[PDB]
Structure formats: C-alpha cells, structure tokens
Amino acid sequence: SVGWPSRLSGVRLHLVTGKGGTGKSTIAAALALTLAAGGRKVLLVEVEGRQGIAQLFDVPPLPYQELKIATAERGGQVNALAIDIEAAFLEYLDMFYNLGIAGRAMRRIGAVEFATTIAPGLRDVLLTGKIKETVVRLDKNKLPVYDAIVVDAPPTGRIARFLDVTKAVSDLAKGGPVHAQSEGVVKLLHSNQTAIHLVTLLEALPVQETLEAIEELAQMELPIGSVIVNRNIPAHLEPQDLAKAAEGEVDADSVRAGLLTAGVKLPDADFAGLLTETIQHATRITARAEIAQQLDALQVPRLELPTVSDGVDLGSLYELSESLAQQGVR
C-alpha cells in the first residue's frame, strides 16, 4: 500500500515515463529534487532533444554538459543533462573507432543528423550508453559521482523499444567494442539498480497506456517502480453522497437547510444551478474513480500528486517534491 518500497531507495537509475502530456518532465524534475535533498547529488537527464529541462526551468537551451540547475533541501544539488545526440555520436566515433576526424567532417554537411535519424537503433545505443556511463561513473575515491540518475524518458508508447538494447544493437556493425558495452547496459537495466516509474492521469488513455506499457516491460523483465497518478483533484463529497450525486440525487432540502444556516438564501434558478454544479462534479469524480479502478489490478506502488492550481513554476516543483517526500520517496 506504500508508494515507495524501501527497495526503491537503493535504485540508482530512475526512468520516468508515461503518456504524452501527463507530466513526465515535471515529475522527473520533482523526483530529482526529492532524491537530492540532504546533500546528495542527482543527475536529471532528457534524451529526445526537446530541451524540456531548460523549458521547465524557463532558461535558454542547455548545452551538452552536466550543469548544476537546482539546489535541493539541506544542500543537495540537481544537475541537468540535455543529451545531444549529435555530440554523443561524435563522442562515440572518437572513443570507440578513433574516427573523430571523419566525425567532425560529418558535422559540417549534416551527416550526423542523417546517421542518427536513419538508424533508430544507433540512436538508442548512444542514449542508453550515455545513461549507463552517468550511472556507473566513479570519482577519485572509487565512489559514485551521482547518488542517483533520473531520466525524463521517452513516452509509454516508445519506452519499451527505447530500452530494447538487443534490438538496438541488431543493426550495428558486428564485433568491435559496442557489443562489449551493450552487455553492460543490459545488465544495468535488468538489475535492482534500475526502476521505471509510469506517470498517468485519471483519464482513459493515460491509464490504458500505463497498463499496456507495464505489461510490455514485464515481458522484457524490466523492473517496474511506481505508478504516479498526477494532477489529482479534491472530491469534496463523502462516498455515499458522491455515489448519489453521480445519479442526479442531491437531497436538496438538506442543502437548503445548510445554506439557510450559512446566512445565504438563493433564488430558485440559482439553487437549481448550484444543484447542477455538484452533480456534474460528482459525475467527474465517479468517472475518475472508475478509470482509477483499472490500476488496482497491478501490484505496483502508487503515488499521488495534487494539481498545482496555476502554471507549474519553480515553487511548484518544490511543492511536488515535498508531496513525494511525504509519501516516502527517498
């Protein structure tokens, strides 16, 4: 029933997926803040070239460097890495094929863009490879550079293929060093060092894709972490009252009595409008609970975040991190 089993505290790589528009970027950022509290250092990574981190923090596009982007509670630090697939490709050519010269020539004519676009699998090898490199990097003292890596990942319809290292490597040259590092990537992804969290809204499609993605990922034996239900809203009604209101029954005499008590008397048109207003609210809560019920099928931890009433700004990120913390995320 807990949202964050203790095992998720030993995870070093958190991947935040979910259907488009559910809040992967926001929640991956708040998660990074949550895990960074207490003088820890966490890296927040995005992989689609969408500069979503810079957009989230309302800053100019970030370069291909790990840079401090936020201070966490009690002296923690969140770094940002907007992975640049072109630079990552150049890095790859030079490190593993000593083809830096060719690579810099390709940058001139748009050829790196071409190669990454034409080969989907190479793209995923570079991205997942860079993620693994940030997860396992050690400092001068043989200690991990980062306490945790949080990835704003590709969405639920792509996450399974994105993490399909074997398929990615299938379309690369055989032999050489790439196949050596790919075994290490697969090991990381399948270990207790990794977890995939799925953000969803209480709407039909986000839940459907959450379920289907969980199924696909379990077949691959990839570790599921939490389902994170974003932008909840207040019911305001007790279950019995709610159920009645979703059918149109409101027992107004009681409502008229309560209003009378409150020093307010309403014209009949206004009273009818008020009665319609809470019935519609109850129909919405009931529809949401019906969709929600579909998640009860999974034996997966579930976390809940509120709706930030205005646009998500920096303070909102800290509010959401606090909610995660209060739910046991650590």
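The first residue of the sequence shown is number 1, and the count goes up from there.
J.: Read off the CA B-factors in the entry, average them over 288-296 and over 261-269, and name the higher stretch.
T.: Mean CA B-factor is higher for 261-269.
J.: Tell me which stretch has the larger mean Cα B-factor in this entry, 65-73 or 27-35.
T.: Comparing 65-73 with 27-35, the higher average CA B-factor belongs to 65-73.
J.: Whose CA atom has the top B-factor in the entry, of 119, 125, 173, 207?
T.: Checking the PDB record, the top C-alpha B-factor among 119, 125, 173, 207 is at 173.
J.: What's the residue among 180, 138, 165, 153 with the greatest CA temperature factor in the PDB record?
T.: Reading the PDB entry, the winner on C-alpha B-factor is 180.
J.: By its CA B factor, does residue 311 count among the lowest, middle or highest third of the modelled residues in the chain?
T.: Highest third of the chain for residue 311's C-alpha B-factor.
J.: Please say which third, lowest, middle or highest, residue 233 falls into when its CA temperature factor is compared across its chain.
T.: Residue 233: CA B-factor falls in the middle third of its chain.
J.: Compared with the other modelled residues in the chain, in which third is the CA B-factor of residue 87?
T.: Middle third, going by the recorded CA B-factors of the chain.
J.: Splitting the chain's C-alpha B-factors into thirds, which one does residue 132 fall into?
T.: Tercile = lowest for this residue's CA B-factor.
J.: By the recorded C-alpha temperature factor, relative to the other modelled residues in its chain, which third is residue 278 in?
T.: According to the entry, residue 278 has a C-alpha B-factor in the chain's highest third.
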